[PDB]
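Here's protein_33.cif, which has mmCIF, C-alpha atoms:
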```cif
data_work
loop_
_atom_site.label_atom_id
_atom_site.label_comp_id
_atom_site.auth_asym_id
_atom_site.auth_seq_id
_atom_site.Cartn_x
_atom_site.Cartn_y
_atom_site.Cartn_z
CA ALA A 3 14.41 7.99 -2.27
CA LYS A 4 11.05 7.96 -4.01
CA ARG A 5 9.67 4.52 -4.79
CA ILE A 6 7.30 3.19 -7.46
CA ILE A 7 5.25 0.36 -5.94
CA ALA A 8 3.03 -2.07 -7.84
CA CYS A 9 -0.06 -3.40 -6.06
CA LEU A 10 -1.32 -6.87 -6.86
CA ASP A 11 -4.80 -7.72 -5.74
CA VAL A 12 -4.96 -11.50 -5.45
CA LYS A 13 -7.68 -14.08 -4.76
CA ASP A 14 -7.18 -17.81 -4.15
CA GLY A 15 -3.59 -17.42 -5.35
CA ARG A 16 -4.43 -15.66 -8.63
CA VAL A 17 -4.48 -12.02 -9.66
CA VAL A 18 -8.04 -10.74 -9.52
CA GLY A 30 -0.35 -14.19 -14.72
CA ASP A 31 -0.03 -15.70 -11.29
CA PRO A 32 1.06 -13.24 -8.59
CA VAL A 33 4.66 -14.51 -8.63
CA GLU A 34 5.62 -14.28 -12.31
CA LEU A 35 3.83 -10.93 -12.38
CA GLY A 36 5.84 -9.56 -9.46
CA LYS A 37 8.82 -11.34 -11.02
CA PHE A 38 8.29 -9.20 -14.12
CA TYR A 39 7.87 -6.06 -12.00
CA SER A 40 11.08 -6.65 -10.02
CA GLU A 41 12.85 -6.69 -13.40
CA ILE A 42 11.10 -3.76 -15.10
CA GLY A 43 12.25 -1.47 -12.28
CA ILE A 44 9.54 -1.60 -9.60
CA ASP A 45 10.99 -0.76 -6.19
CA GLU A 46 8.50 -2.62 -3.98
CA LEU A 47 5.45 -4.85 -4.25
CA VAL A 48 2.16 -5.04 -2.38
CA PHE A 49 -0.10 -8.10 -2.31
CA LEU A 50 -3.72 -7.60 -1.25
CA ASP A 51 -5.61 -10.86 -0.68
CA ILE A 52 -9.41 -11.07 -0.93
CA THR A 53 -9.72 -14.84 -0.35
CA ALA A 54 -12.57 -16.81 1.21
CA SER A 55 -11.76 -16.57 4.91
CA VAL A 56 -11.60 -20.34 5.55
CA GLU A 57 -8.72 -20.83 3.09
CA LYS A 58 -7.40 -17.30 3.62
CA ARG A 59 -4.60 -17.88 6.14
CA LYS A 60 -3.11 -20.85 4.28
CA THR A 61 -3.40 -19.17 0.86
CA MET A 62 -1.65 -16.02 2.07
CA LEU A 63 1.16 -18.02 3.72
CA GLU A 64 1.64 -20.07 0.54
CA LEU A 65 1.74 -16.88 -1.52
CA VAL A 66 4.39 -15.30 0.69
CA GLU A 67 6.43 -18.50 0.31
CA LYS A 68 6.40 -18.57 -3.48
CA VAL A 69 7.05 -14.84 -3.93
CA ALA A 70 9.88 -14.95 -1.38
CA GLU A 71 11.47 -17.81 -3.34
CA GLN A 72 12.11 -15.61 -6.40
CA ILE A 73 11.74 -11.89 -5.55
CA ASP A 74 14.51 -9.86 -3.89
CA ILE A 75 12.83 -6.44 -3.68
CA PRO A 76 10.75 -5.48 -0.60
CA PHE A 77 7.16 -6.67 -0.66
CA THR A 78 4.19 -6.01 1.60
CA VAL A 79 1.24 -8.34 2.08
CA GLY A 80 -2.08 -7.34 3.57
CA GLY A 81 -5.81 -7.86 3.64
CA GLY A 82 -7.74 -9.30 6.55
CA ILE A 83 -4.72 -9.44 8.88
CA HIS A 84 -6.56 -9.38 12.19
CA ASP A 85 -4.01 -10.15 14.92
CA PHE A 86 -0.32 -10.46 15.71
CA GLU A 87 -0.05 -14.20 15.02
CA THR A 88 -1.23 -13.78 11.43
CA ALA A 89 1.17 -10.87 10.97
CA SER A 90 4.05 -12.72 12.61
CA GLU A 91 3.68 -15.83 10.48
CA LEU A 92 3.41 -13.84 7.26
CA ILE A 93 6.61 -11.97 8.13
CA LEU A 94 8.51 -15.06 9.30
CA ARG A 95 7.40 -16.83 6.10
CA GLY A 96 9.08 -14.24 3.85
CA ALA A 97 7.17 -10.95 3.87
CA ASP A 98 9.00 -7.72 4.65
CA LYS A 99 5.98 -5.67 5.76
CA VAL A 100 2.37 -6.23 6.71
CA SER A 101 -0.43 -3.77 6.07
CA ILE A 102 -3.28 -3.54 8.57
CA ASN A 103 -6.33 -1.29 8.31
CA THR A 104 -9.42 -2.70 10.02
CA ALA A 105 -7.73 -4.50 12.90
CA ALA A 106 -5.47 -1.48 13.34
CA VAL A 107 -8.44 0.87 13.60
CA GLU A 108 -10.44 -1.31 15.97
CA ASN A 109 -7.29 -2.08 17.98
CA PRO A 110 -4.54 0.54 17.71
CA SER A 111 -2.49 -1.51 20.20
CA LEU A 112 -1.83 -3.97 17.37
CA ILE A 113 0.47 -1.50 15.61
CA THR A 114 2.68 -1.41 18.69
CA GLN A 115 2.53 -5.19 19.05
CA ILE A 116 3.78 -5.97 15.53
CA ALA A 117 6.23 -3.06 15.68
CA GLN A 118 7.89 -4.31 18.87
CA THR A 119 8.77 -7.70 17.41
CA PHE A 120 9.45 -6.73 13.79
CA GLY A 121 10.38 -3.05 13.99
CA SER A 122 8.29 -0.10 12.90
CA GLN A 123 9.43 -0.46 9.28
CA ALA A 124 7.57 -3.80 9.15
CA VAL A 125 4.17 -2.22 9.90
CA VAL A 126 2.31 -0.42 7.11
CA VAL A 127 -1.02 1.03 8.20
CA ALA A 128 -3.46 1.20 5.30
CA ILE A 129 -5.72 4.23 5.67
CA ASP A 130 -8.73 4.41 3.39
CA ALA A 131 -10.20 7.90 3.64
CA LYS A 132 -13.10 9.71 1.99
CA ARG A 133 -14.67 13.15 2.19
CA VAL A 134 -17.81 13.13 4.35
CA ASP A 135 -19.58 16.49 4.88
CA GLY A 136 -16.38 18.47 4.30
CA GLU A 137 -14.16 16.34 6.56
CA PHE A 138 -11.70 13.53 5.89
CA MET A 139 -12.88 10.33 7.56
CA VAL A 140 -11.34 6.88 8.04
CA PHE A 141 -13.15 3.89 6.55
CA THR A 142 -12.71 0.24 7.51
CA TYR A 143 -14.02 -3.07 6.14
CA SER A 144 -12.92 -2.03 2.64
CA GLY A 145 -14.77 1.27 2.60
CA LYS A 146 -17.98 -0.30 3.92
CA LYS A 147 -17.80 1.42 7.34
CA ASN A 148 -17.47 5.11 8.14
CA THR A 149 -15.62 4.92 11.47
CA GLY A 150 -16.50 8.51 12.38
CA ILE A 151 -12.80 9.01 13.16
CA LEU A 152 -11.23 12.08 11.59
CA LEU A 153 -8.32 11.23 9.30
CA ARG A 154 -6.49 14.09 11.04
CA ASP A 155 -6.78 12.32 14.41
CA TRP A 156 -6.13 8.82 13.10
CA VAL A 157 -2.93 9.72 11.22
CA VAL A 158 -1.36 11.19 14.38
CA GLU A 159 -2.36 8.18 16.49
CA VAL A 160 -1.03 5.76 13.87
CA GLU A 161 2.49 7.21 14.09
CA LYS A 162 2.35 7.53 17.89
CA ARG A 163 1.52 3.80 18.11
CA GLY A 164 4.69 2.82 16.25
CA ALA A 165 3.74 2.46 12.58
CA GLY A 166 6.50 2.79 10.01
CA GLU A 167 4.55 3.71 6.90
CA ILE A 168 1.04 4.84 5.98
CA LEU A 169 -0.65 3.52 2.85
CA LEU A 170 -3.01 6.37 1.98
CA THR A 171 -5.84 5.52 -0.42
CA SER A 172 -8.52 7.96 -1.49
CA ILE A 173 -11.69 5.91 -1.96
CA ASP A 174 -13.18 8.66 -4.13
CA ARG A 175 -10.40 8.72 -6.74
CA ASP A 176 -9.48 4.99 -6.52
CA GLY A 177 -9.84 3.11 -9.81
CA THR A 178 -10.91 6.24 -11.72
CA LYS A 179 -7.62 6.93 -13.59
CA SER A 180 -8.39 10.69 -13.26
CA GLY A 181 -5.51 11.64 -10.96
CA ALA A 182 -4.36 11.15 -7.38
CA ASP A 183 -5.80 12.89 -4.32
CA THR A 184 -3.17 15.57 -3.86
CA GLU A 185 -5.40 17.71 -1.64
CA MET A 186 -5.62 14.80 0.82
CA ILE A 187 -1.91 13.97 0.61
CA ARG A 188 -1.17 17.63 1.31
CA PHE A 189 -3.69 17.38 4.16
CA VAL A 190 -1.92 14.37 5.68
CA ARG A 191 1.66 15.47 4.90
CA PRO A 192 2.17 17.98 7.78
CA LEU A 193 0.61 15.58 10.29
CA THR A 194 3.17 12.74 10.25
CA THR A 195 6.81 11.81 9.72
CA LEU A 196 6.28 8.35 8.26
CA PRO A 197 6.68 7.61 4.54
CA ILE A 198 3.34 8.17 2.82
CA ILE A 199 2.34 5.74 0.07
CA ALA A 200 -0.27 7.40 -2.13
CA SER A 201 -2.63 4.90 -3.76
CA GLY A 202 -5.54 5.40 -6.10
CA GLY A 203 -6.15 7.77 -8.97
CA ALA A 204 -3.02 7.63 -11.09
CA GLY A 205 -3.82 7.08 -14.77
CA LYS A 206 -0.88 8.79 -16.47
CA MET A 207 2.68 9.70 -15.51
CA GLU A 208 1.83 13.32 -14.72
CA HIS A 209 -0.39 12.16 -11.84
CA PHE A 210 2.70 10.60 -10.25
CA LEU A 211 4.62 13.88 -10.37
CA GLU A 212 1.59 15.64 -8.88
CA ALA A 213 1.54 13.07 -6.07
CA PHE A 214 5.21 13.51 -5.12
CA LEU A 215 4.86 17.31 -5.12
CA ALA A 216 1.98 16.90 -2.66
CA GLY A 217 4.36 15.22 -0.20
CA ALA A 218 4.14 11.53 -1.08
CA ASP A 219 7.22 9.41 -0.41
CA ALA A 220 5.97 6.59 -2.66
CA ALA A 221 3.32 5.99 -5.33
CA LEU A 222 1.12 2.89 -5.48
CA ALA A 223 -0.81 1.94 -8.61
CA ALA A 224 -2.60 -1.28 -9.50
CA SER A 225 -4.59 -1.05 -12.73
CA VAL A 226 -2.40 1.33 -14.74
CA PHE A 227 0.66 -0.95 -14.51
CA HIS A 228 -1.06 -4.25 -15.38
CA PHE A 229 -2.99 -2.93 -18.39
CA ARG A 230 0.38 -1.46 -19.55
CA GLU A 231 -0.90 2.13 -19.69
CA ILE A 232 2.40 3.19 -18.06
CA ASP A 233 5.91 1.72 -18.29
CA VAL A 234 7.81 2.15 -15.06
CA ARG A 235 11.18 2.64 -16.79
CA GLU A 236 9.53 5.38 -18.85
CA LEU A 237 7.93 6.73 -15.68
CA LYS A 238 11.17 6.71 -13.70
CA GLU A 239 12.87 8.48 -16.64
CA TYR A 240 10.10 11.08 -16.69
CA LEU A 241 10.03 11.86 -12.98
CA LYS A 242 13.81 12.00 -12.73
CA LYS A 243 13.74 14.40 -15.68
CA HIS A 244 11.48 16.76 -13.72
CA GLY A 245 13.48 16.68 -10.49
CA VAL A 246 11.94 13.73 -8.64
CA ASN A 247 14.55 11.65 -6.81
CA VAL A 248 13.80 8.14 -8.04
CA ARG A 249 16.19 5.20 -8.03
CA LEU A 250 17.08 4.29 -11.62
#
```
Would you mind writing the file's structure down as structure tokens?
Amino acid sequence: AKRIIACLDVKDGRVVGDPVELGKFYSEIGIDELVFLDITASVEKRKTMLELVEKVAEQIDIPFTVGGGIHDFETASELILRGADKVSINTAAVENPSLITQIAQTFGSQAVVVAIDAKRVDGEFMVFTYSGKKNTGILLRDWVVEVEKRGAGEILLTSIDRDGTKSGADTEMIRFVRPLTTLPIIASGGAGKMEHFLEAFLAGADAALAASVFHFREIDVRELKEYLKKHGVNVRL
């Protein structure tokens, strides 16, 4: 049941056109799920994220994920109890793979999205943390397996190379990750036209995430659902 997810990068409660009326619009246009990525000053970060969950939960009935600087279980728990359906963790998850299990045991595995940012380094796929500032030296191959074994429910796969380029998704990497795990894969980064979405689902993606191409209105998601369904992709329309 392939999903079209819209990602909303947000700072201090604004998109980087508040996050709520924007996701409001997306819930109506036909978006299946939302993702909110907060880049707030860390001293106001916890309160701003909680407030954002509140206001989006008050008017949006489709699943939404919130992430970005979620460092422990208490932050994850309060964001879920406040109205979020899933949390995404990357850096805390990498530095502490136990955290996947910890969130998953209270909120189920389906409540834990692990965001994997990967990049080619010397011919190998490698996991990056701190928003692509740190090469962890961990092979994406090894980290994907461990992520599922720890109890994750979904993997948000972003190619740092092809992210924000509009020149197509990283189908070689999706195909690389696809035989390694069972979890739904959310491909993020690269899509700049509808054909890139089809290419992503053929690679093995269970869901497509785009941020810039939806906001700038380069792609309509009704049009895009029509298109993919036309060419055999099982989308909910």
Original post:
Leaving out region 33-42 of chain A and any residue of its chain fewer than 3 positions from it, which residues lie within 9 Å of it when counting only C-alpha atoms, given as a PyMOL selection string?
Top reply: chain A and resi 8+10+17+30+45-47+65+68-70+72-75+228+233-235
Once 6 Å is added on each side, what are the centre and the three edge lengths, in Å to one decimal, of the axis-aligned box enclosing the listed atoms of region 76-90 of chain A? Present them as lines of an AutoDock Vina configuration file.
```
center_x = 1.5
center_y = -9.8
center_z = 7.5
size_x = 30.5
size_y = 20.7
size_z = 28.4
```
Original post:
Rounded to one decimal in Å, what is the spacing between CA of residue 162 (chain A) and CA of residue 220 (chain A)?
Top reply: 20.9 Å
Original post:
the PyMOL selection byres ((chain A and resi 195) around 10) on the file shown: which residues, as a list in words?
Top reply: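 Taken on the displayed file, the PyMOL selection byres ((chain A and resi 195) around 10) yields the residues residues 158, 161, 166, 167, 168, 190, 191, 192, 193, 194, 196, 197 and 198 of chain A.
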Original post:
When you draw a straight line from CA of residue 189 (chain A) to CA of residue 249 (chain A), how long is it in Å?
Top reply: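 Atom-to-atom, CA of residue 189 (chain A) to CA of residue 249 (chain A), that is 26.3 Å.
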Shell of 8 Å around residue 160 (chain A), only C-alpha atoms, local chain residues under 6 positions omitted, as a compact mmCIF listing (two decimals) with C-alpha atoms, keeping the file's coordinate frame:
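result26.txt, freshly written:
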```
# COMPACT_ATOMS: atom_id res chain seq x y z
CA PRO A 110 -4.54 0.54 17.71
CA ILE A 113 0.47 -1.50 15.61
CA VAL A 127 -1.02 1.03 8.20
```
**OP:** Determine the residue membership of the PyMOL selection byres ((chain A and resi 130) around 8) for the file above and supply it as a PyMOL selection string.
**Re:** chain A and resi 103+128-129+131-132+140-142+144-145+170-173
**OP:** Would you write out, as a list in words, every residue that the PyMOL selection byres ((chain A and resi 67) around 12) captures in this file?
**Re:** residues 15, 32, 33, 60, 61, 62, 63, 64, 65, 66, 68, 69, 70, 71, 72, 73, 77, 79, 91, 92, 93, 94, 95, 96, 97 and 98 of chain A
Kindly export the residues of the current selection with C-alpha atoms, as a PDB file, keeping the file's coordinate frame.
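What ended up in out-v8.pdb:
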```pdb
ATOM      1  CA  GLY A  15      -3.590 -17.420  -5.350  1.00  0.00           C
ATOM      2  CA  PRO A  32       1.060 -13.240  -8.590  1.00  0.00           C
ATOM      3  CA  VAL A  33       4.660 -14.510  -8.630  1.00  0.00           C
ATOM      4  CA  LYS A  60      -3.110 -20.850   4.280  1.00  0.00           C
ATOM      5  CA  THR A  61      -3.400 -19.170   0.860  1.00  0.00           C
ATOM      6  CA  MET A  62      -1.650 -16.020   2.070  1.00  0.00           C
ATOM      7  CA  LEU A  63       1.160 -18.020   3.720  1.00  0.00           C
ATOM      8  CA  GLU A  64       1.640 -20.070   0.540  1.00  0.00           C
ATOM      9  CA  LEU A  65       1.740 -16.880  -1.520  1.00  0.00           C
ATOM     10  CA  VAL A  66       4.390 -15.300   0.690  1.00  0.00           C
ATOM     11  CA  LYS A  68       6.400 -18.570  -3.480  1.00  0.00           C
ATOM     12  CA  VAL A  69       7.050 -14.840  -3.930  1.00  0.00           C
ATOM     13  CA  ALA A  70       9.880 -14.950  -1.380  1.00  0.00           C
ATOM     14  CA  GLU A  71      11.470 -17.810  -3.340  1.00  0.00           C
ATOM     15  CA  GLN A  72      12.110 -15.610  -6.400  1.00  0.00           C
ATOM     16  CA  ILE A  73      11.740 -11.890  -5.550  1.00  0.00           C
ATOM     17  CA  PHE A  77       7.160  -6.670  -0.660  1.00  0.00           C
ATOM     18  CA  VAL A  79       1.240  -8.340   2.080  1.00  0.00           C
ATOM     19  CA  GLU A  91       3.680 -15.830  10.480  1.00  0.00           C
ATOM     20  CA  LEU A  92       3.410 -13.840   7.260  1.00  0.00           C
ATOM     21  CA  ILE A  93       6.610 -11.970   8.130  1.00  0.00           C
ATOM     22  CA  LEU A  94       8.510 -15.060   9.300  1.00  0.00           C
ATOM     23  CA  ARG A  95       7.400 -16.830   6.100  1.00  0.00           C
ATOM     24  CA  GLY A  96       9.080 -14.240   3.850  1.00  0.00           C
ATOM     25  CA  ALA A  97       7.170 -10.950   3.870  1.00  0.00           C
ATOM     26  CA  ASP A  98       9.000  -7.720   4.650  1.00  0.00           C
TER      27      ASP A  98
END
```
Original post:
Could you work out how far CA of residue 55 (chain A) lies from CA of residue 199 (chain A), giving the answer in Å with one decimal?
Top reply: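 We find that CA of residue 199 (chain A) and CA of residue 55 (chain A) lie 26.8 Å from each other.
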Original post:
Closest to residue 248 (chain A) among A:221, A:102, A:153, A:112, using all atoms listed in the file?
Top reply: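 Comparing A:221, A:102, A:153, A:112 against residue 248 (chain A), the winner is A:221.
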Subject >> Non-local contacts of residue 244 (chain A) (12 Å; only C-alpha atoms; under 5 positions in same chain excluded) as a ChimeraX atom specification >> reply: /A:207-208,210-212,214-215,237-239
Original post:
Skipping near chain neighbours, those fewer than 6 positions away, what residues fall within 9 Å of residue 231 (chain A) using all atoms listed in the file, listed as number ranges by chain?
Top reply: A: 205-206, 225
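Counting all atoms listed in the file and comparing A:202, A:164, A:43, A:81, the residue that lies closest to residue 118 (chain A) is A:164.
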Original post:
Between A:224, A:31, A:13, A:135, which one has atoms that come closest to residue 178 (chain A), using all atoms listed in the file?
Top reply: A:224
